[PDB]
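A, B, ... follow the sequence lines: proteins, then strands. Residue 1 opens every chain. Side chains are part of it too, since the values below use all heavy atoms of this structure and drop only hydrogens, waters and symmetry mates.
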Amino acid sequence: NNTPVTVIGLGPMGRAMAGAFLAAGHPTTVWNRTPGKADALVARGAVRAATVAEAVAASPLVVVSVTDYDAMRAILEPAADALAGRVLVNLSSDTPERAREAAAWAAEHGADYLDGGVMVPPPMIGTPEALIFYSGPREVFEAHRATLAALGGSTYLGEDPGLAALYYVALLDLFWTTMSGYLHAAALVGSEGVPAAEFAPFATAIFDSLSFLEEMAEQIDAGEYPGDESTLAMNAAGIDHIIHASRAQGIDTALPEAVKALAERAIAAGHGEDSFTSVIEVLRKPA
Amino acid sequence: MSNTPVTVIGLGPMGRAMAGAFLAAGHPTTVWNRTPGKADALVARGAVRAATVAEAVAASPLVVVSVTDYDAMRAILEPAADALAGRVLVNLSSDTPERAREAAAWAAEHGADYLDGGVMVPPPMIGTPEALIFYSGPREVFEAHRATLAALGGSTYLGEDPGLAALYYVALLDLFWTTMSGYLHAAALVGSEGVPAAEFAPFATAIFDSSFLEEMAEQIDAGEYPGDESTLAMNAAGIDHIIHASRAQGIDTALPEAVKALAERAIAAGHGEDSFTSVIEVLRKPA
Ligand SMILES: NC(=O)c1ccc[n+]([C@@H]2O[C@H](COP(=O)([O-])OP(=O)(O)OC[C@H]3O[C@@H](n4cnc5c(N)ncnc54)[C@H](OP(=O)(O)O)[C@@H]3O)[C@@H](O)[C@H]2O)c1
Ligand SMILES: NC(=O)c1ccc[n+]([C@@H]2O[C@H](COP(=O)([O-])OP(=O)(O)OC[C@H]3O[C@@H](n4cnc5c(N)ncnc54)[C@H](OP(=O)(O)O)[C@@H]3O)[C@@H](O)[C@H]2O)c1
């Protein structure tokens with residue numbers, strides 16, 4: 001496949017995507033608002049477009065990887081009319097609603113539109129280990145799936161453009177919450193002189209089974225959260241201990257308190273005898 | 001390799017696993033539980049069910065206690081407070097570092113040696129090399145009994161402070177329940193569009209496996225948080241999208257609101273251009 005491709009936005013993700021398109025043999029044209037981020041890509045045969053319009057004109061497939069909808073629109077407005085008949089693959093949707101605005105805006109200028117999302121480190125881009133997911137017209141995805149495969153694995157999610165954006169914010173939700181839990185744990189143990197370097201191996205070990213993911217999934221889908229011998233009321237006591245320990249060590253407690261509140265809400269609704277997974281019930285209900 | 005008599009007090013899932021491990025390693029094992037009926041499989045494998053706590057403590061130089069918390073541990077051991085002198089008490093059920101210290105001081109006052117233990121694995125892992133149990137307390141005591149504790153799995157000494165094992169335990173529990181909650185928020189995010197959890201899990205599992213925990217520990221230990229190409233200010237704006245997407249999907253927003261509030265504190269402290277790891281600077285500071 002030698003379909004020409006354009007990549008707009010050369011943050012670390014845009015650069016890895018352009019690099020992957022080149023490595024797969026596509027003629028790649030790149031553009032960034034800030035000059036000087038394209039040197040390695042040019043050295044590997046990318047063409048550095050001088051204007052957005054020239055960038056859009058170079059390819060039937062335009063991949064946009066910039067901060068958000070507002071940046072995407074300001075970038076592309078001067079060349080909006082040049083989008084007619086091309087496919088815009090957008091990895092810059094900050095919300096499911098903005099993705100649908102973006103799809104509509106693209107439609108009013110003659111362009112098909114896929115929303116895209118990937119939650120992997122840039123270096124994994126262009127390897128089978130990168131899982132990229134898309135939503136939007138299935139016929140548009142099927143038509144370009146072979147070019148997009150240069151980026152890694154591809155998953156079609158369905159026709160609603162906001163789907164990919166929804167998955168991305170969810171994964172973003174899991175990531176930053178996880179990262180915050182880690183830093184809270186490091187501060188907890190740090191309050192006794194335990195260096196984060198010494199604690200990190202225990203922390204990573206916590207994540208080596210990843211069994212909880214399928215088991216919680218199966219519980220959520222079946223709508224049944226069998227408590228067994230590690231119930232939610234038990235788990236709430238554990239989170240109490242986190243709070244107590246945090247207070248007594250000087251560490252801030254806002255984060256474990258928020259977790260506590262969620263568990264309490266689930267116990268106040270009769271799941272105190274169910275597994276932790278049953279907390280999804282109160283999460284579906286703004287409080 | 002054993003026949004050393006071991007007593008296990010508390011026959012919840014962990015205690016039964018531990019008693020089974022001691023039996024498998026060849027140790028004459030006495031068990032006692034508040035609730036009768038949970039010892040049948042252990043007695044078939046050779047364990048002795050003790051009539052009373054006092055009898056169970058007396059049976060063995062080494063007394064392992066895995067119950068809910070210190071308060072329960074103290075309730076059961078009250079009638080056996082005389083029998084304790086001359087033994088070592090291995091507490092695998094301290095809820096907080098402070099309760100572990102209280103336990104140690106209480107054991108000392110009754111003529112008993114004291115080791116605090118933190119178990120970081122599910123009960124099925126106990127007794128296998130996948131189990132890693134950390135201990136704190138007097139090194140001599142830990143050394144003299146390591147060969148018996150080896151029946152449970154790996155053993156790691158953390159230091160002389162008896163609260164250390166509990167600290168590691170609660171920090172790991174803090175990372176665990178915070179991650180679970182993030183995962184459920186995510187799942188509730190996609191679920192609000194009819195997406196099955198079953199499906200979403202593949203992408204969540206990829207978050208892990210792809211890591212940087214050791215990278216953030218280096219930064220924590222240096223006290224230097226280089227922003228590079230993803231600063232705290234950009235991460236916070238991202239978290240804002242999570243909140244906004246959550247409100248639009250009608251999901252509860254308490255958990256991401258809590259992550260965002262932590263980010264905003266570190267930005268108010270002047271870390272907006274540093275990496276997210278700099279948020280630890282406001283965790284060490286009760287707010
Ligand atoms: N898949 C998704 O749905 C999705 C959505 C958002 C973010 N992300 C991920 O988040 C990470 C980084 O997020 P990010 O892309 O916001 O950060 P980033 O790495 O800083 O990339 C932002 C890009 O947007 C450009 N940009 C921003 N505002 C602009 C404007 N007003 N006019 C022109 N260009 C503008 C920047 O150009 P300059 O070089 O000129 O600054 C840069 O190329 C990446 O891993 C990315 O994949 C994924
Ligand atoms: N996988 C795990 O669950 C896990 C992992 C690591 C560490 N731990 C720790 O190991 C310990 C035991 O946990 P577990 O998994 O076995 O489940 P658990 O539900 O914490 O076990 C509670 C045990 O304490 C006893 N108990 C509670 N209150 C009592 C009281 N007032 N008087 C007398 N006995 C009382 C219970 O006896 P009854 O049977 O009569 O109720 C039971 O044997 C806890 O400290 C827990 O944090 C557990």
Side-chain angles (χ1 to χ4, degrees), chain A residues 241, chain B residues 2-12 14-23 25-39 42-43 46-119 133 135-149 151-152 155 160-166 169:
Chain A
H241 296 148
Chain B
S2 293
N3 194 8
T4 309
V6 180
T7 288
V8 170
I9 288 141
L11 290 179
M14 191 58 57
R16 306 198 300 274
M18 286 171 333
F22 288 120
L23 290 177
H27 292 281
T29 302
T30 311
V31 299
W32 177 93
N33 189 66
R34 176 187 56 172
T35 293
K38 315 176 103 136
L42 294 168
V43 171
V48 168
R49 217 255 309 164
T52 68
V53 171
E55 165 154 281
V57 169
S60 295
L62 184 70
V63 176
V64 187
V65 178
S66 48
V67 291
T68 290
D69 48 37
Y70 173 62
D71 320 63
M73 194 277 284
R74 294 277 314 254
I76 37 180
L77 288 180
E78 208 271 19
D82 321 70
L84 262 193
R87 325 216 161 249
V88 50
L89 192 85
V90 182
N91 190 10
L92 302 165
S93 46
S94 280
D95 39 65
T96 68
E98 148 191 296
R99 284 321 165 90
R101 286 157 198 149
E102 276 166 36
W106 171 82
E109 282 287 271
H110 288 87
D113 297 320
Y114 183 87
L115 268 195
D116 201 74
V119 181
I133 309 160
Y135 302 89
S136 54
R139 216 212 262 281
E140 253 314 336
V141 179
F142 170 75
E143 313 263 70
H145 296 293
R146 209 192 204 214
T148 303
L149 303 177
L152 308 188
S155 68
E160 272 253 350
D161 168 31
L164 262 180
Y169 185 73

Worksheet item: Looking at side-chain heavy atoms only, is the closest gap between B/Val119 and B/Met14 below 4.5 Å?
Response: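 Heavy-atom side-chain distance check passes, below 4.5 Å.
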Worksheet entry | Side chain to side chain, B/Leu92 and B/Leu152, heavy atoms closer than 4.5 Å |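 Counting from C-beta outward, B/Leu92 and B/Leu152 do come under 4.5 Å.
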Minimum heavy-atom distance [X]-[Y], with the two atoms named:
X	Y	value
B/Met73	B/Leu89	SD-CD2, 4.4 Å
B/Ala56	B/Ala50	CB-CB, 3.3 Å
B/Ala165	B/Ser136	N-OG, 2.9 Å
B/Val63	B/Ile9	CG1-CD1, 3.3 Å
B/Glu160	B/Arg139	OE2-N, 3.2 Å
B/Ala54	B/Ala83	O-CB, 4.3 Å

Worksheet item: Between B/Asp116 (side chain) and B/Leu164 (backbone), is there a donor-acceptor pair under 3.5 Å?
Response: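 The answer is no, because no donor-acceptor pair under 3.5 Å joins these two groups.
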Worksheet item: Above 12 or not: heavy atoms from other molecules or residues under 6.0 Å from CG of B/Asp71?
Response: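 Above 12, so yes.
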Worksheet item: Are there more than 12 heavy atoms of other residues, nucleotides or ligands under 6.0 Å from atom CD of B/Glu140?
Response: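 For B/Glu140, atom CD is not crowded (no more than 12 foreign heavy atoms under 6.0 Å).
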Worksheet item: ring pair (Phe, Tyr, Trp, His ring centres under 6.0 Å) with B/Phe142: which residues, sequence neighbours excluded?
Response: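 Partners of B/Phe142 under the ring pair (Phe, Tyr, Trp, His ring centres under 6.0 Å) test: B/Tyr135, B/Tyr157.
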Worksheet item: Does the pair B/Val90 and B/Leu149 meet the rule for a side chain to side chain contact (heavy atoms under 4.5 Å, CB included), with working shown?
Response: CA-CA 9 Å; B/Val90 182; B/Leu149 303 177; 4.2 Å; yes
Item to complete: Taking only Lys NZ, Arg NE, NH1 and NH2, and the carboxylate oxygens of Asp or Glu, determine whether B/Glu102 and B/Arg99 approach each other closer than 4.0 Å.
Response: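 Result for this pair is yes, salt bridge flagged.
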Item to complete: Scan for side chain to side chain donor-acceptor pair (under 3.5 Å) pairs involving residues 48-66 of chain B, sequence neighbours excluded, and state none if there are none.
Response: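 Every side chain to side chain donor-acceptor pair (under 3.5 Å) pair that includes a residue of residues 48-66 of chain B, provided the two are not neighbours, is B/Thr7-B/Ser60.
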Practice prompt. Start with the C-alpha distance between B/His145 and B/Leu115, add both sets of side-chain angles, then the distance that settles side chain to side chain contact (heavy atoms under 4.5 Å, CB included), and finish with yes or no.
Written response: CA-CA 10 Å; B/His145 296 293; B/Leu115 268 195; 5.5 Å; no
Item to complete: Identify, with sequence neighbours excluded, every residue that meets salt bridge (charged side-chain N to carboxylate O under 4.0 Å, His left out) alongside B/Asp161.
Response: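 Counting only residues at least two positions away or on another chain, B/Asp161 forms a salt bridge (charged side-chain N to carboxylate O under 4.0 Å, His left out) with B/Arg101.
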Say you draw a straight line from [atom1] of [X] to [atom2] of [Y]; how long is it, rounded to the nearest 0.5 Å?
X	Y	atom1	atom2	value
B/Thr96	B/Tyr70	OG1	OH	10.5 Å
B/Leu62	B/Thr148	CG	OG1	6.0 Å
B/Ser93	B/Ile76	OG	CD1	7.0 Å

Worksheet item: Who pairs with B/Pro79 by side chain to side chain contact (heavy atoms under 4.5 Å, CB included), at least two apart in sequence or on another chain?
Response: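 Partners of B/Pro79 under the side chain to side chain contact (heavy atoms under 4.5 Å, CB included) test: none.
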Worksheet item: Who are the side chain to side chain contact (heavy atoms under 4.5 Å, CB included) partners of B/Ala107, not counting sequence neighbours?
Response: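 If we apply the side chain to side chain contact (heavy atoms under 4.5 Å, CB included) test to B/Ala107, skipping adjacent residues, the hits are B/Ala112, B/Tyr114.
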Less than 3.5 Å apart, which donor and acceptor atoms pair up between the side chains of residues 28-35 of chain B and the rest of the protein, not counting sequence neighbours?
residue: B/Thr29; atom: OG1; partner: B/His27; partner atom: O; Å: 2.8
residue: B/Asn33; atom: OD1; partner: B/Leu11; partner atom: N; Å: 2.7
residue: B/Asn33; atom: ND2; partner: B/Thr35; partner atom: O; Å: 2.7

